[PDB]
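Every read-out reported here was derived from the displayed coordinates using simple, explicitly stated rules and does not represent laboratory data. So basically every Cβ, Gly included, is an ideal-geometry build from the backbone, and we count neighbours across all protein chains shown.
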Amino acid sequence: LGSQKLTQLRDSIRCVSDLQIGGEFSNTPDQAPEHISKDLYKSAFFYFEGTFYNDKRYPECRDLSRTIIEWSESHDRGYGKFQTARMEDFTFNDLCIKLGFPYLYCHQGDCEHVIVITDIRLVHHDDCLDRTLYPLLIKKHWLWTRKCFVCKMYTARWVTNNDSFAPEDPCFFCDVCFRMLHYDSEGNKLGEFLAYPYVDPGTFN
DNA sequence: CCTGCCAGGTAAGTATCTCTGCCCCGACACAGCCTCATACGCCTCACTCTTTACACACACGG
Ligand SMILES: [Zn+2]
Ligand SMILES: [Zn+2]
């Protein structure tokens with residue numbers, strides 16, 4: 001919406017980089033997920049027409065745009081001049097943008113999201129007209145779902161590397177069999193493996 | 001212990017090239033401008049058969 005106040009679009013974009021509980025569980029089969037990446041690294045920014053808009057809300061945030069400026073001032077590699085804003089006071093229709101032209105949304109540091117604007121049209125009925133649900137993700141890709149590699153009847157809850165039983169190196173196991181190729185009879189490691197929690201983005205967001 | 005003329009056979013002759021040193025050279029670098037010509041390279045696009053996933057359907061059989 002043209003008054004939706006960015007940091008509202010930001011808080012609503014359903015990516016899976018706002019998931020993926022970190023940490024390696026190689027000796028902890030049953031571990032409480034302490035913090036999803038959404039909670040930990042709340043910093044993010046929108047790049048729009050030279051200017052940056054940094055999510056300065058949530059003072060556990062930081063300035064991800066800063067880094068870029070650091071090498072646009074020294075050793076100019078294209079891109080000339082740059083600017084930065086706060087993204088919190090700024091709402092939509094406060095910008096000076098092009099349509100159909102790629103712009104950036106970087107959240108969680110390295111996930112990059114292109115923010116092409118398809119078209120600006122005035123409000124008209126035959127739509128919701130609501131405000132609560134208004135960001136309104138109306139299309140999504142229906143991605144593929146990574147299933148377990150031992151059995152094919154469940155999804156990939158666990159990703160293991162350097163395993164001692166996995167044919168492939170990054171091997172995706174459902175929780176059932178993951179508990180059965182490792183962690184035997186007391187929940188103690190078998191062989192060697194680095195097991196990380198997998199979110200299976202075909203399922204989420 | 002040598003020495004030689006004649007017949008027969010043969011034969012002419014005419015008629016109808018591969019190195020090898022060696023002086024007197026072209027083409028290398030490389031300088032700016034400059035215009036158009038040629039080559040390379042790299043990522044974005046296409047597509048195409050062949051699976052790949054996934055909601056749904058439909059007998060099937062006793
Ligand atoms: Zn993301
Ligand atoms: Zn399994």
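Per 0.36 nm of contour for each residue apart, how much would the distance between A:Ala32 and A:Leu129 grow if the chain were fully extended, relative to their Cα-Cα spacing?
30.8 nm
Taking amide hydrogens as modeled 1.01 Å from N in the peptide plane, which residues meet the under 5 Å criterion relative to A:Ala85, leaving out close sequence neighbours?
Here the answer is A:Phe52, A:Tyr53, A:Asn54, since their amide H atoms fall under 5 Å of that of A:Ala85.
What are the ³J(HN,Hα) couplings of the range A:16-24, residue after residue, when phi is run through the Karplus curve with 6.51, -1.76, 1.60 and θ = phi - 60°? Round to Hz, x for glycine and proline.
9, 5, 9, 8, 6, 3, x, x, 9
Once label points are set 7 Å from the Cα along Cα→Cβ at both A:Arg77 and A:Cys96, what is their separation, rounded to one decimal in nm?
2.8 nm
Nearest 10 degrees is fine. How inclined is helix A:64-73 to the longest principal axis of chain A, computing both from alpha carbons?
Once rounded, one gets 60 degrees.
Quick one: check the C-alpha center-to-center distance for the range A:153-194 versus the range A:66-138, whole angstrom.
The range A:153-194 and the range A:66-138 have Cα centres separated by 41 Å.
If I take every Cα pair under 8 Å that is 6 or more residues apart in chain A, average their sequence separation and divide by the length, what percent do I get for the relative contact order?
Answer for chain A is 23 percent.
Using a 10 angstrom cutoff on alpha carbons, build the Gaussian network for chain A and name the most mobile of A:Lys42, A:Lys139, A:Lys98.
A:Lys139
Among A:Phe90, A:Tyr198, A:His124, whose Cα lies farthest out toward the positive end of the dipole of chain A, if unit charges sit on the beta carbon of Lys, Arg (+1) and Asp, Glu (-1)?
A:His124
Go through the range A:187-203 residue by residue and turn each phi into a ³J(HN,Hα) via Karplus (6.51, -1.76, 1.60, θ = phi - 60°); whole Hz please, and just put x for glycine and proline.
Working through the residues one at a time gives x, 9, 3, 10, x, 8, 5, 9, 9, 10, x, 10, 9, 6, x, x, 8 Hz.
Per DSSP helix of 4 or more residues, -39500 (n - 2.57); summed, then divided by the residues of chain A. What does that give at 222 nm, rounded to the nearest 500?
Taking each H run of at least 4 residues, the total per residue is -3000 deg cm²/dmol.
Any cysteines in chain A with zero other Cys Cβ atoms under 4.7 Å from their Cβ? List them, or say none.
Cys with no partner Cβ under 4.7 Å: A:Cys15, A:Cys61, A:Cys96, A:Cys106, A:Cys111, A:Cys128, A:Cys151, A:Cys171, A:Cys177.
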